[PDB]
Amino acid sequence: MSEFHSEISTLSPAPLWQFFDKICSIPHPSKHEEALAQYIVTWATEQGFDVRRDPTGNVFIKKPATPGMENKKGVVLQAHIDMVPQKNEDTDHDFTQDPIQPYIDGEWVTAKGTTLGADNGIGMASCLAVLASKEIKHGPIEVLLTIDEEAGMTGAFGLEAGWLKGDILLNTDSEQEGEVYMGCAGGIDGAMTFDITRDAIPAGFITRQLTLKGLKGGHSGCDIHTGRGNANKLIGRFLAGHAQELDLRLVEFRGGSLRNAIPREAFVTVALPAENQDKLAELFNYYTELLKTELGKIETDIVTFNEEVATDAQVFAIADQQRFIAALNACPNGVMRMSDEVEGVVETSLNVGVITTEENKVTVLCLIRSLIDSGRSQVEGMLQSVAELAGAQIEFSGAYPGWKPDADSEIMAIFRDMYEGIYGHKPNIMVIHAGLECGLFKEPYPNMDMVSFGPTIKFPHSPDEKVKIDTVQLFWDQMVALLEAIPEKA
C-alpha cells in the first residue's frame, strides 16, 4: 500500500526470504506438491546434495557437516510442502495454477485475496536457506519435506525408519516466536450405538422438551482442562437419578455438534403423565439451579428451557431407555489423568461430544485424546466395558499417534537454554492437547525426540494469513543458534 516498491526478496534474512519468494511463485496446495517437489530436488541436485525421494512422496536432502562437527549429532529440519487453498470470496485464483502474490504491508507480509502459505513458507524456505548457507557451522544434516499437512497429513506416516539418522528433529510448523512444543495428544474417534425399539406413548402422557444451553462450549482438545460443562452429560445425569422416580419415558435425545467440540447445547424430549408436570418442572428448575451453584464460576450463561410439543412419537422401550441412560451416565468424560512428567498438563481425556437419536438407533459419538498412546487404549477399553455392559456396540477409527513429552530431553534443554542465551528470558515451552504432524513422526523413530517452533503467523488458512516480518529474523536466529549448539554423539 504505502511501501509499494519494497521487495520480498530483500527482507532479512535474504537467502530464506528469496527462497520464500520462489516458493510463492510455484503453486502448491495440498495434493499438488509435484511441481515444487521437483524444483526442490532438481535444485538440490545442482548444488550436489544426495537427494532421494520415498515411495509416498516426501523429500530427503543430505548435507554433511561443516569442518569441525564431523563428530556428528545428526539433525533433521522439517516442514511440509503443501499450502492451504483459500481465496477471498471475490478474486480470481486458480490454486492449481496461479502463484501467490505476496506483498509487504507494515510489520507484516500477506498475499491478497488468498492464503499466503507462510506455513511453512516461512519454515521450509528456512530449511532451504540452511542447505544453501555457506557459513553456519553445523553438524550432519537431513531435511524432511513432507507432503500434505492440511489433507489428513498423508505424508506424515507416509514412510518409516531407515531413512533418517540423528535422534533429533526440528519442526518449523508452530506459529509463534517464543512458543515451543515438546509433545502433543494422539486421538481416536469412538461411536457407541444402540439398537432400540419403540413402544407407544401411554394414555395422558403430556410430552415435553427439556433443553439445556448457553454452555461456553469449546474445543475438546485445547479446552478440556477447564471446568466447562458437557451438555450431553448434564441432561443424562438428570434422567439418571430421576427418570424412574418421575416415571417419564424417552423419545428424543440430541446434543452437541461434532466430537471436536465440547457440546454446549443438548436436549431431550420426553413423555410423562400430566400429573408429574409441575413436579418435573420444579425438579428440573431445581436441577438447573444447582447447576449454576456448581458451574456458576466458569459457566456464566447457563440456561434451560422446558416447553412441550406433544407429538407422536413412539417412546423408547423401557429396557432400551434404561441401558442407554446407565451407559451415558456411567461413561467417563473430561480429563482422565494429568501428566506428571510436565507441570500441570492433561495426559488423557475424552469428550462425549455428539448424541443423535433416530427411529431404532441411538448413537453416542466421542473422541479420546492422549499424549501417552498407552493411555488412549486404556480409555478405549473402559468405553468397551461400558458398551459391553449395556448391550451396545462401539467402533473405533480415525486413530493417530501422540507425542509423549520427555522432560529435560537434550534438545528441549538446549533450546531452552540457547534461547535464554539469545533472549533475556525463556520461551513459552508447551504441550497441546491436539494433533500435530511431528506426532505421527513418533510412530517410527520413537528414539527421536524433537521440537516445534517457528515465526509468528496470524490467521493461517484464511485470506488474512499475515506473517510478522521481524520474527522471521528471530525464527532464523535460533534456527541457527541451536543448529550449532547441538552436542556430539560418538
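Residue numbers run from 1 along the displayed sequence.
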Check your understanding: In the PDB record, does 206-214 or 308-316 carry the higher mean Cα temperature factor?
Key -> 308-316
Point to revise | Stretch with the greater mean C-alpha B-factor as recorded in the entry, comparing 262-270 against 173-181 | key: 173-181
**Study point:** Given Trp43, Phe453, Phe459, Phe49, the residue at which the Cα B factor reaches its maximum
**Key:** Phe49
**Study point:** Member of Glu358, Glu347, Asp82, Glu388 with the greatest C-alpha B factor (per the PDB record)
**Key:** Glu358
Check your understanding: Considering only modelled residues of the same chain, in which third does the CA B-factor of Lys63 rank: lowest, middle or highest?
Key -> middle
Review point. Comparing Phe194 with the other modelled residues of its chain, is its CA B-factor in the lowest, middle or highest third?
Key: lowest
Check your understanding: Should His28 be placed in the lowest, middle or highest third of its chain by the C-alpha B factor in the entry?
Key -> lowest
Exercise for review: Using the B-factors in the PDB entry, rank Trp403's C-alpha atom against the chain and give the third, lowest, middle or highest.
Suggested key: middle
**Study point:** Third of the chain, ranked by Cα B-factor, where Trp163 sits
**Key:** highest
